[PDB]
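Enquirer: Before I ask anything, let me first share the structure, which is written out below as structure tokens.
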Ligand SMILES: Nc1ncccc1-c1cc(Cc2ccc(COc3ccccn3)cc2)no1
């Protein structure tokens, strides 16, 4: 585990995604780049999106800051050059238009960057050029490979918020059993893949990873099982908002963990004799994952809309606020917000709460147990990133297509993820990784990235979408 590393290094390493996005937008608006599409656009996109992240993670991990400047300062200059070679929105349209869901570019960029980072890190973990401080921690610590799950849960909750809103828009309430069947149909593929991976592990008899998730439990099972519990709870969430339920669950879990020490002693040093004693880690982390999913849904609630609505800060509503504005009170005026102000409010509240909790916590963070500080840290980081991406989108003024690679990876995330896993397995069976000198490993990584990018672009261009 090597105890991991500090958070500030993690933020400095990850900011490269946002820096590259800003540089790409500047290059697009610089007007020098020729109008028709050609090899130049593809080369520039590949260099900006894939090569920069790989350079940040492995070779230039020691000095990230300098790298960022070398990405931003040149492009900006080119921008100005365009501005020297060269010597609408309607309120009535908003009033007349009803409530519909609208896709946003920054969400696509966010998901594409997340998926690319993961795909790179999965293969990069084996080679020696990858720094050892970024490896996953054993019991207590912070590392770059602990934020991958939290981010995924947050994004899935944000996405499911749109299904919630669309269901609410319908005039007839669907039956509860129909909702359960829809959840089962959604989770069937993940459950089937989990069982297949379990059987493949039986056949492999590979190395033990018991402390990670237990004898039988796995990430796919939890991902498939979350929605069923959410639909079971939704009846209660009708009477009180989701945020209060998440707070209550987290408080109960933390009190149970902290009131005494025998619970920790049993959770850490117990024998594996019966089934419950065999898979304790996954069962106990399920509560934290549920809390993260709930907060992600609540955050996406007002983000995924197209126009401001009444009390969209914590509740799904489709009505209009201007009619209320004739005699709007203080509460109705404060709570009904546009996406940016709501993001800012939640960000500040979570920052202050996280600072207090980190100040007065006796233990450290832990991924195995998914205690309170871990969830707080994940939520605060994700909120900050999302606010940055929204601010960039707003200042650049584009509203109402992001780079090609981001859209291509976003379209077929699951299939490309499985293909990436298969390719990493094959390349590991190909050669001995720990032997390779740095240049050879870098060349191998470059070839693998090129192959994946070519496959993704070819799949997207022919308009073929595969769902597994
Ligand atoms: N190894 C894994 N296994 C299973 C699951 C996941 C992972 C995993 C993937 C990563 C790469 C990574 C993704 C997301 C983020 C934070 O989110 C954003 C959003 C926008 C821009 C930049 N980052 C950091 C780092 N690290 O770990």
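Residue numbers in this text run from 1 along the chain shown.
Per the header of the entry, the method used was electron microscopy, 3.5 Å.
Cβ from N, Cα, C; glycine included.
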Enquirer: Topology question: in Swiss-Prot, are residue 132 and residue 277 both on one face of the membrane?
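Expert: According to Swiss-Prot, residue 277 sits on the same side as residue 132.
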Enquirer: Quick one: do the transmembrane segment (213-233) and the transmembrane segment (139-159) have at least 3 Cβ pairs under 8 Å, skipping pairs fewer than 6 apart in sequence?
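Expert: They do touch: at least three Cβ pairs between the two stretches lie under 8 Å.
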Enquirer: State the residues, same chain only, that lie 6 or more residues beyond the ends of the topological domain 'Lumenal' (260-282) and have a CB under 8 A from a CB inside it; answer 'none' if no residue qualifies.
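Expert: Residues 139, 210-218, 221-222, 368-369 contact the topological domain 'Lumenal' (260-282) from elsewhere in the chain.
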Enquirer: Once you note that 3 residues are missing between residue 400 and residue 401, how far is one Cα from the other in Å?
Expert: 11
Enquirer: Looking only at the topological domain 'Cytoplasmic' (28-41), how are its residues distributed among DSSP helix, strand and coil?
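Expert: Its residues divide into 5 helix, 0 strand, 9 coil.
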Enquirer: When only pairs 6 or more apart in sequence are counted, do the transmembrane segment (110-130) and the transmembrane segment (439-459) reach 3 or more Cβ pairs under 8 Å?
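Expert: Yes, the stretches contact each other.
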Enquirer: Please give the Cα-Cα distance in angstrom between residue 87 and residue 88, rounded to a whole number; the 6 residues between them are not modelled.
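Expert: Cα separation at the break: 22 Å.
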